[PDB]
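A single chain comes next, written as structure tokens; it is the form deposited in one PDB entry.
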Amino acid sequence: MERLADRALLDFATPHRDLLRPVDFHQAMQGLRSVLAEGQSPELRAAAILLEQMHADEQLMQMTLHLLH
């Protein structure tokens, strides 16, 4: 069954140890963008640009939640 091999791949990719930050996601994201912003390689630049756009999209979500009272 292919369904069993698909879940086995998802379990294989699931890392152990969620177990370090208790509702500290905003500060951990700010510190992550700061360390990656000083990178030069395209792997560090692409990840920095990716996290910057995620932070910009977060501002649209807060404006939508603000209009929802």
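Just so we're on the same page, rigid core means the largest C-alpha set that superposes within 1.5 Å between forms. Numbers for residues come from their place in the sequence shown, where the first is 1.
One more form of this protein, deposited in another entry, exists but is not displayed; see below.
Fitting the two forms on the rigid core leaves the C-alpha of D24 displaced by at least 2 angstroms between the shown form and the other one. Relative to the superposed core, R45 undergoes a C-alpha shift smaller than 2 Å between the shown form and the other one. Superposition of the core reveals a Cα shift of 2 Å or more for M63 between the shown form and the other one. Wider separation of the C-alpha atoms of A56 and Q40, by 3 angstroms or more, is seen in the other form than in the present form.
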